[PDB]
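Participant: A structural model of the following input is requested.
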Amino acid sequence: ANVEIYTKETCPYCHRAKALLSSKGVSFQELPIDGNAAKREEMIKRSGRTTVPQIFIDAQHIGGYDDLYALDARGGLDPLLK
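Facilitator: Numbering: from 1, shown residues only. Please see the structure below:
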């Protein structure tokens, strides 16, 4: 599954999403913005937001933890990730 999450040093909702994904025990990628700028610009073209957490599930930009956790709440996260 193609899963990516942009993050930073101080992002409580990043920790929220990652804690759920580690409870599910899925395989995902993390993308730090900590000192970054060129891949933060990448996140402009990708997300159209430039804020975090911003999860992408099978390259599909979901949005943040609440958006992701809703995708889990509908049982729709699992058939993409697992």
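
Participant: tally of neighbours for residue 14?
Facilitator: Neighbour count for residue 14, taken as other Cβ atoms under 10 Å: 23. All C-beta spots, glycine's among them, are computed from the backbone N, C-alpha and C.

Participant: Assign it to helix, strand or coil.
Facilitator: Taking DSSP: H, G, I helix; E, B strand; the rest coil as the rule, one finds residue 14 in the helix state.

Participant: doesn't residue 20 make contact with it?
Facilitator: No: the criterion here is Cβ atoms under 8 Å, and residue 14 misses it with residue 20 at 11.1 Å.

Participant: just checking, residue 6 is part of a helix?
Facilitator: No: per three-state DSSP, residue 6 lies outside any helix segment and is strand.

Participant: quick one: which helix or strand includes the most centrally placed residue in the chain?
Facilitator: The chain has residue 55 as the residue nearest its centroid, 2.1 Å off, counting by Cα atoms, centre = their mean. For residue 55, the host element (DSSP states H and E) is strand 54-57.

Participant: and that strand, which strands flank it?
Facilitator: Sheet pairing of strand 54-57 (DSSP bridges) gives strand 3-7 (antiparallel), strand 60-63 (antiparallel).

Participant: What's the first helix or strand after the shortest one?
Facilitator: So the one you mean is strand 60-63. Next along from strand 60-63, by DSSP H and E: helix 65-73.

Participant: Residues contacting that next one, please?
Facilitator: Contact partners of helix 65-73, identified using Cβ atoms under 8 Å, 6 or more residues apart in numbering, comprise 13-14, 16-17, 20, 24, 53, 55, 57, 62, 77-78, 80.

Participant: Strand 3-7 and that helix, what's the angle between them?
Facilitator: 150 degrees (axes from the mean of the first three to the mean of the last three Cα atoms, to 10 degrees).

Participant: helices or strands up against whatever helix or strand comes next after helix 65-73?
Facilitator: Of the helices and strands lying after helix 65-73 in sequence (DSSP H and E), the nearest is helix 78-81. Here helix 78-81 touches helix 12-24, going by 3 or more Cβ pairs under 8 Å, 6 or more residues apart in numbering; DSSP states H and E.

Participant: Recalculate using a threshold of 10 Å.
Facilitator: helix 12-24, helix 65-73 (3 or more Cβ pairs under 10 Å, 6 or more residues apart in numbering; DSSP states H and E).
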